[PDB]
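Let's start with one chain on its own, the form solved without this ligand, as structure tokens.
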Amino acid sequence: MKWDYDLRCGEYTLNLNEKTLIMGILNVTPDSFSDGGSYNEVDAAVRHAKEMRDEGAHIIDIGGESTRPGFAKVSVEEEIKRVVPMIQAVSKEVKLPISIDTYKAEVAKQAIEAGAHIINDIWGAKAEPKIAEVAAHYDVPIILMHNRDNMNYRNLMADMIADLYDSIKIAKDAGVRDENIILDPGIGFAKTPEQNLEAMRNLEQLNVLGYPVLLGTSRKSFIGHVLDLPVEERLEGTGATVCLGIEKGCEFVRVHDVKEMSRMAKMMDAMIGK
């Protein structure tokens, strides 16, 4: 139907047409006495990945300390010590494609060497353009998220599309094939609560760019802003964003609560004729 290619992920292949793809969020739980690779640290990660797999995740998204939600000031040297053991163990023990959640070229490169299949970049190849070359080099899919260092829009959606296209250009100029490009509206980033809702409301506009769209709204602050609920009480809110996202044509959803969101995605898929 809509997509005449599959998303190629090394040993794994993701069909973009038959169902909404669920990307499970795995954040590192660092050990306080080591720089990475410890049993408890990695075993925690591996167990969470198996769990999310058993609950219906199609992709495991792995993030070190430098990325969301903590945004630690940490070197690539430090960061690699931490994320590489996780990617090695998860890729070995869990048979799903792995995305590396980083905006750093060198981390992306070593993550892929370690076994990751997809690059997920919260800065859309703008913070470190060479990440697009890494991606082109290894021929992996790259997720380009909308982001910017400010909330001074003239027109939110038009600007979002312009910004994303600037990301696409960096990517293609490095050699990234169209079929390896995925976009993300960057909900919860560089947007007021009202702009996040407005982005949700007009999400279907991203579709004119001709690339698969991943939605990542899970547990985010704007949901708290609407419901006045803390992060642990945001299942219902996340769900609403997921269903609306799917209705507006998104191919992936990046979520913490895989069990619940997979059920909801599956029901949405059935209703919209996916």
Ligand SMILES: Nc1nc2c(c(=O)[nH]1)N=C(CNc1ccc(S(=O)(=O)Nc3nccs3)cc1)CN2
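Numbers for residues come from their place in the sequence shown, where the first is 1. Each form is matched to the other, and the largest set of C-alpha atoms that superpose within 1.5 Å is called the rigid core.
Compared with other entries of the same protein, residue 189 falls outside the group left without coordinates by a third of them; all model it where both flanks are modelled. Among other deposited entries of this protein with both flanking residues present, none omit coordinates for residue 29; it is modelled throughout, well short of a third. Just going by the entry, 70-78 versus 155-163 on mean CA temperature factor gives the higher value to 70-78. Remark: stretch with higher mean C-alpha B factor among 237-245 and 59-67 is 59-67.
The PDB entry assigns its highest CA temperature factor, among 97, 129, 141, 185, to 129.
Comparing the listed residues 89, 122, 118, 168, the entry records the largest Cα B-factor for 89. Among the modelled residues of its chain, residue 255 has a C-alpha B-factor that falls in the lowest third according to the deposited record.
Residue 172 sits in the middle third of its chain by CA B factor, as recorded in the PDB entry. Ranked against the other modelled residues of its chain, the C-alpha B-factor of residue 222 as given in the entry falls in the middle third. In the deposited entry, the Cα temperature factor of residue 231 places it in the highest third of its chain's modelled residues. Ranked by Cα temperature factor within the chain, residue 270 sits in the middle third according to the deposited record.
There is another form of this protein, the form deposited with this ligand bound, and it is not shown here; the text below is about that form.
Scanning 112, 187, 164, 203 against this ligand in the deposited complex with a 4.5 Å heavy atom cut-off leaves one residue, 187. In the deposited complex, residue 38 stays away from this ligand, with no heavy atom inside 4.5 Å. Contact check for residue 67: a heavy atom falls within 4.5 Å of this ligand in the deposited complex. The shortest heavy atom separation between residue 176 and this ligand in the deposited complex exceeds 4.5 Å. In the deposited complex, this ligand sits within 4.5 Å of a heavy atom belonging to residue 220. Residues within 4.5 angstroms of this ligand in the deposited complex, judged by any non-hydrogen atom, belong to 179-187 and to none of the other stretches in 87-95, 72-80, 132-140, 179-187. Shown here without this ligand, the chain has only 254 in 240-274 lying with a heavy atom within 4.5 Å of that partner in the deposited complex. Once both forms are fitted on their rigid core, the CA atom of residue 71 lies 2 Å or more apart between the shown form and the other one.
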